[PDB]
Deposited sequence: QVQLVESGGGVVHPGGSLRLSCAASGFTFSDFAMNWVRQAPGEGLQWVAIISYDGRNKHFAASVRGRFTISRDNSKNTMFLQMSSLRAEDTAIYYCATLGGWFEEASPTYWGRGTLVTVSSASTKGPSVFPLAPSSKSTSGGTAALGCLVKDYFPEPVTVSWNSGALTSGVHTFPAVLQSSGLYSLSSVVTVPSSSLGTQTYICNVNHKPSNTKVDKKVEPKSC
């Protein structure tokens, strides 16, 4: 299958530089012009840059022109976006994509998975995982969860019982607290009859700061 995978995302200090790469597979890379598209935390798509099939034609949106450079290697099916003089507005999810070309018959549109870039002077800090234990806060089913507090930057991924527990899980979107740190919570509804019998472990992954924290949430005495 066709695949576009971006890499290089991370936190970068304001004014600093970061280099994003896009690995292509499953299609003739050298035939397609390649774009970068970015998306602010809750905003829409914003086109950023385009690199021609051969690599001698480039264009950049005015807001990143003079700070971003773009390159491609058709022998590795890779493309690179070199960002410099980064500022707060550049904080986004960054996608690489083919967006139809210029032919009368539009060429296929592929979208990458995307990579997160955070432009911030704050330091990378791992999560403190605190239990949300089941208690008399149940209906008929019981709710339990994990509180992921004071981490930077995003993403954290939460799975339950190593992904075996998927039904009923809700991982709320992360919120930036008054401290410049992120707080997230993940919950799951389970049968109350299994609280004394079945172990429930939340698996918090924070790839930015090196941490994999596993927390067992035990029912409260209640």
property: Deposited sequence positions missing from the model - stretches, numbered from 1, in order; result: 141 to 142
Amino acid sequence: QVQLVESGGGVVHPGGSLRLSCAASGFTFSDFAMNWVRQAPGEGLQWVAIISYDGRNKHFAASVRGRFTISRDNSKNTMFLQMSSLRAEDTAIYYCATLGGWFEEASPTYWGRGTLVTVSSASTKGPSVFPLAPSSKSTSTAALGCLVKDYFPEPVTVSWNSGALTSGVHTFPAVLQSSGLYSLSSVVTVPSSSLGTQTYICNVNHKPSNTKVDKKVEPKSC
From here on, numbers count along this sequence of modelled residues.
{"property": "Between 171 to 179 and 45 to 53 (mean CA B-factor, as deposited), the higher", "result": "171 to 179"}
{"property": "Stretch with the higher entry mean CA B-factor, where the candidates are 13 to 21 and 196 to 204", "result": "196 to 204"}
{"property": "Peak C-alpha temperature factor (PDB record), options 98, 91, 82, 136", "result": "136"}
{"property": "Within-chain third of residue 86 by Cα B-factor, per the entry", "result": "lowest"}
{"property": "Chain-relative CA temperature factor third for residue 33", "result": "lowest"}
{"property": "Residue 109 - Cα temperature factor, lowest/middle/highest third of chain", "result": "lowest"}
{"property": "Modelled-residue ranking by C-alpha temperature factor, third containing residue 124", "result": "middle"}
{"property": "Where the record places residue 40 (Cα B-factor, split into thirds across the chain)", "result": "highest"}
